[PDB]
Structure formats: structure tokens, C-alpha cells
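Only one structure is covered here, and it is reproduced in the block below.
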Amino acid sequence: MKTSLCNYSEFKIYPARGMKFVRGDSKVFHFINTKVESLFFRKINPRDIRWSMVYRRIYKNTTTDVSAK
Amino acid sequence: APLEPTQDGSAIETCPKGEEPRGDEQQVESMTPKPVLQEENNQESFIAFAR
Amino acid sequence: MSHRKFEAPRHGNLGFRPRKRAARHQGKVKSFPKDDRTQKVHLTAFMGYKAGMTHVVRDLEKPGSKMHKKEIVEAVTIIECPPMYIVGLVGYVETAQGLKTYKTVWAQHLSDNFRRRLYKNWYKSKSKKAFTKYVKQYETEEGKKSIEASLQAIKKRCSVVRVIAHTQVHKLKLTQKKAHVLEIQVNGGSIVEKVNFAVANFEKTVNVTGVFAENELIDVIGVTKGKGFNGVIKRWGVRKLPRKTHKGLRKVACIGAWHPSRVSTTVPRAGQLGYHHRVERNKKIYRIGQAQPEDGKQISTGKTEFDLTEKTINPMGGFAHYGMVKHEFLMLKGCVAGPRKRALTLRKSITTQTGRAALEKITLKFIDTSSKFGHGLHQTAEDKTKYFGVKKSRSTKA
Amino acid sequence: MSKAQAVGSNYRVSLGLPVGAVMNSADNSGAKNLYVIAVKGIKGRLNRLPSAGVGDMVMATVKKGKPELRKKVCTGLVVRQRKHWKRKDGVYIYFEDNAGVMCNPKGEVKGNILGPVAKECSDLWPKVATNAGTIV
Amino acid sequence: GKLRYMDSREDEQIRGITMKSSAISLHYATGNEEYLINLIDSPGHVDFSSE
RNA sequence: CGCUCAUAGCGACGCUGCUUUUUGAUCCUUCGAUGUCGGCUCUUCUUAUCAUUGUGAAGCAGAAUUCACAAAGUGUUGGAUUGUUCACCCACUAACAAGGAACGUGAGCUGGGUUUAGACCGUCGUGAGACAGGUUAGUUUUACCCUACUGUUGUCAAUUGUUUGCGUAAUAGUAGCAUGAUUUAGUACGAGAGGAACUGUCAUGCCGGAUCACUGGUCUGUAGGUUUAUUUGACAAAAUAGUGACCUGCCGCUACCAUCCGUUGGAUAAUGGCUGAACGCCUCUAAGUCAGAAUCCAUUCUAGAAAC
RNA sequence: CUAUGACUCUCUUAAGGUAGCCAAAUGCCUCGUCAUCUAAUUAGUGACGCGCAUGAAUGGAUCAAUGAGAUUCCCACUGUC
RNA sequence: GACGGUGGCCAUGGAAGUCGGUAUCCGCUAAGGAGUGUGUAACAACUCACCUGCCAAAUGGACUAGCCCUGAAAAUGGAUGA
């Protein structure tokens, strides 16, 4: 195996575990989580959960930097 | 021609135009050589064997 | 009526038909091979301990296949394999009825196994002074005379002998309040030779390196998981209450016919789910490890590529209920009887076999570290996460 | 029929659905649908569908397509199972939606295979491999 | 080689018909002359006939 | 009949049988009520063996059949139509063989039929009404008892030390079965067309035992978020909505909806011989004995005896 | 008789099934025949109809609207399987 | 050892004892059917019928009926009562 981006996430594949997807267009889509897959199928950057750290930053209490917008 | 036979391989990366990869497998038997000059346009049968 | 199909196998093997709660919470032994090889260093049987499973990629060696060498993930079972101390010998005698334990011959070496075969003597279910030495522990200096006397006897008496072995686990985190004794029938060489070997062993405490190889087919014995009072729909491979309109929860429907006019022994029926022994045969094993403590702690796989950057193999954290590795290990090819506070009495196969992919020596690549929500891939993912931030993720949960 | 697998059978069975599942024809011939009758090699047991191949040959029919191709059974070839699987590898191929093609009883696909084709299928049936530029 | 219809077999050698109607363009520009050989494969028929 | 040729394979006219899986004959048991038929479910059983294995025949060159034996160890399917067995097509397959077991199985099922009350049609009947004539709607009750069985406590009080280790293994049960591709080999075989095997190799079907490294499944982890309505003056943080809904989702349990694992010795059967008489020869047999099945029994595996 | 039986002749019990309609909830034979619908249909539907034993207020024929009505077929949110 | 007239006559290039058919007779001998089969394109060759050598005293058929076997398969395990 080898490390690879999941094509809808900064979180890369641990060369071991996760899923794959082809689609009608014929494309590589490796995945790890089902949440990621769901997100892909929606087409949105993560916005119903704290797990991805995109959300903790923009909420504050972790990443105390940009704060207000 | 339809793009992406391999997935994360060196087929789409090279994209051969009859260079190094396709030079092989042309000595034991030529793969897809167009042996009898096939029908490009539609059939109009005037074939005969004879002497 | 014909049947009318064909198949109806007895859903389930009849071969385990009593399906009780198996007594011995270590893989009880009742079976070993036989030999007279000059190599008598083999003992037959170890006993390790399951503390979870992980997975591994290894390029496989089986030409004739669709690809002769190719990466493939295989699951893999890892077991803490502590030291087998051998507190005594037990001889035997050949006879009509079977064999017999005339009486044991224990040397000295350790006495921790003792305060496990204990705290149960006299009124109020239990006490903490010994009332009995009445089937138990001898002396030390005035013990070896007995051995000398009786060694000669067992030297002569050709019936086979096994070693009174036991693992150490209070040296693991588990703190087992049960006594963890085990026989290991010594094989190969002369009877006399065997007894001498046994005697020698009392002076020492063996480990699994001497018993098995990195590439060696075991027959694991354990106790499966005891899943509770449970139903026939779930205890056997029976198809359920045909409809929603039907009137049962927990049924077969027919249970034996007017036929011989009492119910048959063999008919699918609910009871309790297999907490039996069983003997999973020919687990090839991929590696014996070196023991963690006092260096070897940061060394479970060696070089980068083909063993990869250094690590411990273990699954991280203390676990909300479970165990974490601290000793040498065995990488058995996938699965074993029971869960993770459970004794895998090991023994080499009875009919050791050549075949093909029974012996094929084998090499590895990437190896997992478990739980995805909370952690990632051991040391590398530790680093990256940390870099990303220490407020977000680092990957250590006590 | 046919039969030619493989070497191996490219390992375990997986399906998108057994008997009574539509998958697209993915074929230049004017079959527009493929509906399963049953699958070849399924010996089967008491109450169990004859279940879809991973890349294996099936008794099928043109339910909605050309009327000439409509009715009359047809040996086919499954190409992509919506419902997923692990391979001897540690990957989980999974697809948009089920698909196959109508074929000859020596396995051969008629025109050219549309879209993506799992490599196992290709391995199984050399004609399939020949007649496509997507084998993923 | 072995293009434009010509199926070689050991069965035939052993003893086997496997008849076929084919032709390969086999001219030779050897030396200073032409040689109209041409691989005639007449299938014929196993019994006596007009065929 | 079968070119030839009674018995390879059939076998007229005729005779002897078995069988209780057809239905009748019967009315011995039950009318102070055995719950009628079918289908689902499930065990076990019989062989009259469909496949399988080992064999013997052929009108057996090969493949393909056909016939015989041993043999019930293991397998014997998915549908369409019908109340339905029976039936009747499609479809795979190694084969889709026959049956039994109160016409196995209604305190296991639905009730599709049949068997009541309501009705409809037809026919019959002056009519009340009849119809193995159709049609349509028409409560499937009770186990808390005895046993048998599943699993579990308890006892083992003469399983002998006020008691407890580690063992033994009698007895019982027992499991793996089968296919495909490939090699063999386009070789043998065969005029040709076609077209094999012993062995090896890699996989699958079903089955059996585990497991959860992976993935999928689920959620009272009410673990986090999103949102509705409401309430707590607002913000906030909470509640009610009997888990408010929704998206994620851990541990856990689990899916040929994932993974790993299921051996080898003797004893025989048919059958093929060997020496070899009865019967100077001759004969697989009488004495004697060689090979030899999915068989038998052990090995391995589950339980562990008022057994040690 | 080329014939479905228009038409004639006769017999009883007076008349002798007209228009319609149908293997219909009415048809035993019967899974009727032909046709379609299906991969496959004793199911349905169109047609045929010397109709066991249809049929004109015993009411015949059709049909919009309606129906916890009976049957089928297709799409129909796939734990019935 | 198992000969001759002789390839008897037919059919038939040929089928000579023997695809197949018919008549089926005699010579010489202890002994040999115009021939039981195998075989040969067909002849032959072998084998039989038929005769003698040796071994050295019993042998051959055909039925009859006593026990045993074959026939002789069905369904929970299994009954000369054990």
C-alpha cells in the first residue's frame, strides 16, 4: 500500500484501511470514513460535526486565532 | 482513447504514441496489425475466388 | 412425507452436540503426537494470552496463483507470550483403564501458582490460613530426595510424562485470581532422556522461541465467548418465524414429529451459545517477537521498508475494559477461540505437514494500529496530528 | 456455460442483487436494460436466491430495450456491483449503481463496453478486456 | 507472420483435415525475377464429387 | 427385436413374486368429539443409488451414453401457473432420485381450499330447497402439569484422610462433502469430425467451527452536531415532544452485506489377482492369502460416568 | 349437406332462444381454441363460441360517476424474502 | 498323427471343410466329418471329431430328494422371547 488523498478530504489514507469508489465517470475515489462519503455525496465542506477540525476552528474553543468574522 | 485503463499507474502518465511501451509484443505476434485491410466504409459485395 | 428438502443438515454440526459451558478457562489439552527423535527440545505445547488483533500487509509466496507475489492484507492475531515456569514433573503409567496419576514430583523454583490454588478452605466458604497440604506443595531441600527416588522409577516406567507448567500473568496487568496451570507432554528421545530434560527444566523457565518457529502450524485451543441464554434462531443456522403474521419469538416449529413419539436428542433447540473448547488447526504463525521489557520496548519491527520505521506492535491505550501488550508475542494468521482475557493453550499440530503454504516462510510490510475515531496510524500519525495542532489531535488516550 | 475462470475465480462471490435486479446494458446493441433470470454456477440450496456474480455469467433478459432483443433469454456479464466488496489486496471497490452487458455464450461481449469495468471481470473474460478502454 | 487467414495445427500433421478457403499474398522479388506462388488453400471435399 | 446374433441392451405370448409410497374392498379401534387438506418449519429414517466414490459389463475407439454391483458417508436447487400434493413450463446444476415416520409436524403457522350461518350465478325442483357445479366474505383458544429434549444449578454422605489440586477416558456423539479452471494436452484416442484420463496447480458452491484486524450494518454512548415546536423575560444553558426529528458515531454485538480455520492409520465391500486343491488338468476358494470405496472402525474433535 | 344452419318438412307440450352476451361470478368436458402479457403464466385481458346447463323487467346489453367490493398488470418509496 | 480323389457341385477373380448354400460318396489306414470352432480377401495354420504313446484304475451323463446357498427391498433400534 501507499498514502493517498481521499479526494474529498485532507485526511489521507493510512495505507491499510478504508473504502474505494468508482462512479459512472470512472474515477479513483479512495475513502476512509462513511462521513466523508456522505459529505462527497452532498458536496459540502464539513458542517454537522466537530470531528473534522475545519469546524472547531470556525466555532472557537480550539484554534483561538481568527475568532470573529 | 476512453482514458484511464489503469488506476494510479504509468499508462496514463506516459500516454504512448507508438514509442517505447508498444514496441514490445511486435515480434512473437503483432497485436492488432490490421491484417486484411478491414472495411472502413459500408459493404458492397463483389467478392469472388475463381481462376 | 418425503421431507420435502434436502437440505436440512441438522442446522449445526452434531459433533459438538452437548454444547455445555466448557470447564477449563485455559485450552484444556487431551491430545499430543508421538515420537523418538534425538531432538526432544520440542515440548508440544505453550500457553499465550490473547490481547486483541491487528492487520498486516505481506507479499505472498504461492506461485500458480493469479499473481505469484502481490501485496495482500491479512488479518493477524497477536498474543502475549510470557514465561512458562515448570514447578514440577508428573509421571504416568500405561494400563487397561487408560493411564494414571499415581502422584506428582514437584521441584522448587517458584511458589506464586500456590496462592492461586487457594483462598477457599473451611467454614464460611473460604479462609486464609492453610488447613490442607493434603494434595499439595512439598518442601525444598527435603524434597529433592523424593525426586531422586522417584525419577528412577519414572525412568523405568515407560509411560509418558508431561511437565507441570504455568504461565506468569500477574507480570501482565490482568491480575488473574484463577490458577493457570498446564501440562506439556514432553516428546522425542528416550523416556529417561525426557525425564532428565524435565528435571533440568525445573532449574529454568522456558519461553516460546524454543517450542515453535516463526513459521509453524499450531493448533490453538481456547474457550469461545459465552454469549448467554440464547435462541435457536441465533444458536443454529435455522431460518426464522416464517412470517410477521406468525405466533412465536423463539422457535423451530416442528421439533421432532409424532414419529417416534418422544422428541429426538438431535433437534435444533435453544440453550446457551458455545463457550466450548474447540481446536482451530494449522495456524501457520508469521512471527515470534522479542520480549518488550528492558529494551525491545521500542523495537517490535526493525528497519524501514519490509519491517518499517520502529514501533511497538501493540494497540494503544489502557482500553475501557481490556489489555495492552508488554511481552514477546506470536503473530498467528487470523482468529482464535474467545476474547481478550482468555488463555490460548497452544500445541504443535499432531500431524505436522508439508503441503503448500503450511510451511512457506513469510515476510511483511505495513502493520496497523487500531481505533480510527480518536487515533490514527501510530508514530507517524501522532506526529502529523501534533503538527496540525495540540488543541485538536495528538493521539494518546489513557 | 461458458465456462472459463480464471485462474482462480478471482476469489469470493459478491453481488449488487440476486435474481430480480435491473442493471444497465452498457452496450452499443440496443438492449437498454438487463434483468436477471438467474446466475450460472449457482447450485444453491433451500430458499436462497441465485445471487449476482462479481464478474460472472448470468441468465438474463432484455426487459426494456430493442423489441428484437426483448423477450428471449440471454447469457450476460456483470460488470459493476453497486453493493460493495473487499479483494485479496485490502481495497473495497464499490460503484454508483449496478451494471453488466449482454453477451455470447462463449462469454463474448457484442459491441463495446461502456463505462468502468472491474479488473476481476476482465481477468475472467478476455474478450471483455479486449473490448474496452476502461478496466479499473 | 501468419496473417491473412492461415491456421497452423499439429492435429492435421498427426492426421486431420480442418479445411479452409484462404489466400496469403506471397510474391518474391528475389534477384532479378518475380515468383507468383501465392498460398492457395483449396478446401476440396472428402468424398468424390464435382466440388 | 437387435445388419449378424434369443438374454450387450430389450424382450412377445405365459407363469411366480414382493410392496403397503395409489386407490378400492373392508368396518376391528375412536361419535361422552384423536382438530379434516394443503403449503411454510424441522429432524430423523428406508432404499427401489439421481449425483458422488470404488468397482464390473456393453452393440465401450475417444467424448457421450447405456446396463450391473458395493454403497444411504455427503449432496438432491430458484421460479412462473394452480388451494394444492399431483400436476405443468422456464432457469441453473454434480444431481436436481423414490419414499416413510397417526397420508410425520394446527397448545408451531397462516387458513389458500373443504365444512355451517350471509350472499351470487347456473342447473334442477309447483316450492321449502338440492348440486366431487362454480363464485365471494366468513372468531385457529389453553402448557403454570407429567414426562421427553435444550442448556444450567445441585448431588456424587462409602466418588471413604473435617477438605482440595492436576490428571486419566469408559460411555455417548463425530463432519466435512462437492465442483470448476489449469497442467497434463489439442498429446493419447481416433478415417474424420471431435477429443480424454493418473498426478500436480489455483479458486468456487454448499455445509461445519470460530472470530471482528479491515469494511458494511445498527445506537440509551442519548457521545457530538444540525434543526422544528414549546417552556424556562432575553442572551446562554437546559427541559418537554414517553429516544422530538435529522446527520454523524465509539466501545459493543454482528454480515460468504467481512475474515480465518475443517487431519491420517489400520479394517473391510464390490471387485481384480496370487498360490491352490476338491476334480492328475483347471479354477481369486474350499484350506491359505495379496490389493482394495465417500464404506468400517479408530486418529483428530465435543461432553465427561454413583468410573478411576 | 360444399356450411355456421338461412330455408323447408314433421313430432310433441303452445312456442321453439330473436337482439344482445359468454369458457363471464353463468362452460362439466376444461389447463377449451387462437391472440397477447411473461425468461416461464391452470392466473388476467382480447378474440372465437352447434352455449354440459347464456339470455331479455326471472330483466337482457353498455357504462360516466362512486366502492374498508372481487380479479389481474405495471410503475410504488425493497427486512415479505 | 489328424491323408487322398478334390479347387466335389453351387454361389463364384475368390470364398478350397469353415460369407452363405446343398448333396454329403468313396479310397487307404489304428486314424481322419466333402468337417467343431478360431483364423484366412480366400487357401493355409491351428483346434475339434477321429486314432495311437505314456501315466496306471477307475470313469461319464441324466435326473430324484435332504440340509445350505441365490431369489429375498421400506421406512424409530431389535428381537428362535433374550
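Labeling convention for the C-alpha cells: chains A, B, ... as they appear, residues from 1 per chain, ligands from 1 in order of appearance.
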Interface residues on chain D facing chain C, 10 Å, only C-alpha atoms, written as a ChimeraX atom specification: /D:6-10,45-47,87-91,123
File of the preceding selection, N, CA and C atoms, as an mmCIF file, in the first residue's frame:
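Result written to part.cif:
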data_model
loop_
_atom_site.group_PDB
_atom_site.id
_atom_site.type_symbol
_atom_site.label_atom_id
_atom_site.label_comp_id
_atom_site.auth_asym_id
_atom_site.auth_seq_id
_atom_site.Cartn_x
_atom_site.Cartn_y
_atom_site.Cartn_z
ATOM 1 N N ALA D 6 -9.953 -19.187 -14.164
ATOM 2 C CA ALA D 6 -9.643 -17.769 -14.459
ATOM 3 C C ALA D 6 -8.181 -17.354 -14.811
ATOM 4 N N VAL D 7 -7.132 -17.574 -13.994
ATOM 5 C CA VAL D 7 -7.004 -18.544 -12.875
ATOM 6 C C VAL D 7 -7.612 -18.126 -11.527
ATOM 7 N N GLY D 8 -8.069 -19.128 -10.778
ATOM 8 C CA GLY D 8 -8.898 -18.918 -9.609
ATOM 9 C C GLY D 8 -10.310 -18.715 -10.115
ATOM 10 N N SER D 9 -11.155 -18.089 -9.303
ATOM 11 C CA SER D 9 -12.408 -17.487 -9.784
ATOM 12 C C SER D 9 -12.344 -16.000 -9.456
ATOM 13 N N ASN D 10 -11.119 -15.473 -9.390
ATOM 14 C CA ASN D 10 -10.853 -14.183 -8.777
ATOM 15 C C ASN D 10 -11.553 -14.053 -7.423
ATOM 16 N N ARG D 45 -29.126 -23.830 -2.531
ATOM 17 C CA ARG D 45 -29.710 -24.696 -1.508
ATOM 18 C C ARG D 45 -31.179 -24.316 -1.324
ATOM 19 N N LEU D 46 -31.794 -24.814 -0.254
ATOM 20 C CA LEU D 46 -33.155 -24.446 0.097
ATOM 21 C C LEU D 46 -33.280 -22.966 0.486
ATOM 22 N N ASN D 47 -34.224 -22.305 -0.175
ATOM 23 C CA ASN D 47 -34.510 -20.885 -0.043
ATOM 24 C C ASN D 47 -33.266 -20.026 0.045
ATOM 25 N N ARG D 87 -11.293 -7.096 -1.834
ATOM 26 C CA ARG D 87 -10.478 -8.020 -2.665
ATOM 27 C C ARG D 87 -9.239 -8.509 -1.900
ATOM 28 N N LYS D 88 -8.581 -9.545 -2.432
ATOM 29 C CA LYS D 88 -7.280 -10.008 -1.902
ATOM 30 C C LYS D 88 -6.225 -8.956 -2.249
ATOM 31 N N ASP D 89 -6.067 -7.987 -1.344
ATOM 32 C CA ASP D 89 -5.481 -6.662 -1.647
ATOM 33 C C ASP D 89 -5.694 -5.731 -0.469
ATOM 34 N N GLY D 90 -6.943 -5.676 -0.008
ATOM 35 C CA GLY D 90 -7.370 -4.774 1.045
ATOM 36 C C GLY D 90 -7.969 -3.486 0.525
ATOM 37 N N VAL D 91 -8.618 -3.547 -0.636
ATOM 38 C CA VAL D 91 -9.415 -2.428 -1.150
ATOM 39 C C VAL D 91 -10.873 -2.842 -1.185
ATOM 40 N N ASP D 123 -10.249 -10.087 -16.173
ATOM 41 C CA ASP D 123 -9.386 -11.257 -15.981
ATOM 42 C C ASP D 123 -10.147 -12.533 -16.336
#
Interface list for chain C, partner chain H, 10 Å threshold, only C-alpha atoms (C1' of nucleotides), as number ranges by chain: C: 259-262, 264
Long-range neighbours of region 200-209 of chain C as number ranges by chain, 6 Å cut-off, only C-alpha atoms (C1' of nucleotides), 2 positions minimum in chain: C: 83-86, 197-198, 211-212
Output C-alpha atoms for every residue in that selection, as a PDB file, in the first residue's frame.
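Produced file selection-v5.pdb, reproduced below:
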ATOM      1  CA  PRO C  83       7.409 -17.236  30.589  1.00  0.00           C
ATOM      2  CA  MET C  84       6.382 -20.824  31.178  1.00  0.00           C
ATOM      3  CA  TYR C  85       7.798 -21.767  34.576  1.00  0.00           C
ATOM      4  CA  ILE C  86       7.746 -25.517  35.329  1.00  0.00           C
ATOM      5  CA  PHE C 197      15.106 -32.889  30.421  1.00  0.00           C
ATOM      6  CA  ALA C 198      12.122 -32.237  32.680  1.00  0.00           C
ATOM      7  CA  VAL C 211       8.972 -24.558  21.235  1.00  0.00           C
ATOM      8  CA  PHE C 212       7.745 -23.120  17.909  1.00  0.00           C
TER       9      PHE C 212
END
Strand (DSSP E) call set, DSSP backbone run, chain D, as a ChimeraX atom specification: /D:22-24,33-39,57-61,74-80,85-86,92-93,99-102
Close residues, region 40-43 of chain H itself excluded, 12 Å, only C-alpha atoms (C1' of nucleotides), min 3 positions apart in chain, as a ChimeraX atom specification: /H:7,12-16,18-19,46
Would you mind exporting the chosen residues as a PDB file, in the first residue's frame, restricted to C-alpha atoms (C1' of nucleotides)?
ATOM      1  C1'   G H   7     -10.493 -76.086 -56.058  1.00  0.00           C
ATOM      2  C1'   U H  12     -18.174 -67.659 -57.528  1.00  0.00           C
ATOM      3  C1'   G H  13     -11.448 -63.081 -59.899  1.00  0.00           C
ATOM      4  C1'   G H  14     -12.309 -65.764 -54.673  1.00  0.00           C
ATOM      5  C1'   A H  15     -14.733 -67.857 -50.743  1.00  0.00           C
ATOM      6  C1'   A H  16     -10.743 -74.762 -51.272  1.00  0.00           C
ATOM      7  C1'   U H  18     -15.300 -73.107 -42.286  1.00  0.00           C
ATOM      8  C1'   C H  19     -19.623 -65.230 -46.290  1.00  0.00           C
ATOM      9  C1'   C H  46      -4.043 -74.153 -35.521  1.00  0.00           C
TER      10        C H  46
END
9 Å contact set for residue 34 (chain H), only C-alpha atoms (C1' of nucleotides), chain neighbours under 6 positions out, as a ChimeraX atom specification: /H:6,8,17,24-25
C1' of residue 86 (chain F) to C1' of residue 36 (chain F), distance in Å rounded to a single decimal: 19.3 Å
Which of region 289-387 of chain C DSSP labels alpha helix (DSSP H), written as number ranges by chain: C: 378-387
Residue 49 (chain A) environment, 10 Å, only C-alpha atoms (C1' of nucleotides), sequence neighbours closer than 4 positions dropped, as a list in words: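 So, after excluding close chain neighbours, the residues are residues 35, 53, 54, 55 and 56 of chain A; 224, 225, 226, 247, 248 and 249 of chain F.
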Please produce a file of the residues just selected, as a PDB file, in the first residue's frame, where the atoms kept are C-alpha atoms (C1' of nucleotides).
ATOM      1  CA  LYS A  35     -18.981  10.509   6.918  1.00  0.00           C
ATOM      2  CA  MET A  53     -11.088  20.271  12.661  1.00  0.00           C
ATOM      3  CA  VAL A  54     -12.377  22.666   9.980  1.00  0.00           C
ATOM      4  CA  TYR A  55     -15.380  23.008  12.403  1.00  0.00           C
ATOM      5  CA  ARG A  56     -13.594  23.508  15.780  1.00  0.00           C
TER       6      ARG A  56
ATOM      7  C1'   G F 224     -21.148  15.486  19.353  1.00  0.00           C
ATOM      8  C1'   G F 225     -23.526  18.456  15.916  1.00  0.00           C
ATOM      9  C1'   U F 226     -27.880  20.490  12.682  1.00  0.00           C
ATOM     10  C1'   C F 247     -26.543  13.950  10.094  1.00  0.00           C
ATOM     11  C1'   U F 248     -22.541  11.593  12.048  1.00  0.00           C
ATOM     12  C1'   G F 249     -20.944   7.989  15.635  1.00  0.00           C
TER      13        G F 249
END
Distance table requested - chain E against chain B, cut-off 8 Å, only C-alpha atoms: one row per qualifying residue with the closest atom pair and its distance in Å to one decimal, ordered by chain and rising residue number, as JSON lines.
{"residue": "E:1", "atom": "CA", "partner": "B:29", "partner_atom": "CA", "distance": 7.4}
{"residue": "E:3", "atom": "CA", "partner": "B:35", "partner_atom": "CA", "distance": 5.7}
{"residue": "E:4", "atom": "CA", "partner": "B:36", "partner_atom": "CA", "distance": 5.6}
Selection: 9 Å around region 35-37 of chain D, only C-alpha atoms (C1' of nucleotides), excl. self and same-chain fewer than 2 positions, as a list in words: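 Near neighbours after the sequence-gap exclusion: residues 18, 19, 20, 21, 22, 23, 24, 33, 39, 50, 52, 58, 59, 60, 61, 62, 63, 64 and 73 of chain D; 79 and 91 of chain F; 39 of chain G.
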Contact residues (chain C, partner chain G, 12 Å, only C-alpha atoms (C1' of nucleotides)) as an MDAnalysis selection string: chainID C and resid 239:245
Residue list for chain A near chain B as a list in words, 12 Å, only C-alpha atoms: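 Selected residues: residues 1, 2, 3, 4, 20, 21, 22, 25, 26, 27, 28, 29 and 30 of chain A.
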Hey, which bits of chain C sit within 9 Å of chain A, and for each residue what's the closest pair of atoms and how far apart in Å (one decimal), counting only C-alpha atoms, rows by chain and increasing number, as JSON lines?
{"residue": "C:55", "atom": "CA", "partner": "A:16", "partner_atom": "CA", "distance": 8.3}
{"residue": "C:56", "atom": "CA", "partner": "A:16", "partner_atom": "CA", "distance": 7.9}
{"residue": "C:57", "atom": "CA", "partner": "A:16", "partner_atom": "CA", "distance": 7.7}
{"residue": "C:71", "atom": "CA", "partner": "A:1", "partner_atom": "CA", "distance": 7.5}
{"residue": "C:72", "atom": "CA", "partner": "A:1", "partner_atom": "CA", "distance": 8.9}
{"residue": "C:73", "atom": "CA", "partner": "A:16", "partner_atom": "CA", "distance": 7.5}
{"residue": "C:365", "atom": "CA", "partner": "A:1", "partner_atom": "CA", "distance": 8.8}
{"residue": "C:366", "atom": "CA", "partner": "A:15", "partner_atom": "CA", "distance": 7.4}
{"residue": "C:367", "atom": "CA", "partner": "A:16", "partner_atom": "CA", "distance": 7.9}
{"residue": "C:368", "atom": "CA", "partner": "A:16", "partner_atom": "CA", "distance": 7.1}
{"residue": "C:372", "atom": "CA", "partner": "A:33", "partner_atom": "CA", "distance": 8.9}
{"residue": "C:373", "atom": "CA", "partner": "A:51", "partner_atom": "CA", "distance": 8.3}
{"residue": "C:376", "atom": "CA", "partner": "A:14", "partner_atom": "CA", "distance": 7.8}
{"residue": "C:377", "atom": "CA", "partner": "A:14", "partner_atom": "CA", "distance": 6.5}
{"residue": "C:381", "atom": "CA", "partner": "A:14", "partner_atom": "CA", "distance": 8.7}
{"residue": "C:389", "atom": "CA", "partner": "A:63", "partner_atom": "CA", "distance": 8.3}
{"residue": "C:391", "atom": "CA", "partner": "A:62", "partner_atom": "CA", "distance": 5.7}
{"residue": "C:392", "atom": "CA", "partner": "A:62", "partner_atom": "CA", "distance": 6.6}
{"residue": "C:393", "atom": "CA", "partner": "A:53", "partner_atom": "CA", "distance": 8.8}
At most 9 Å to chain E: residues in chain F, only C-alpha atoms (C1' of nucleotides), as a PyMOL selection string: chain F and resi 186+192-193
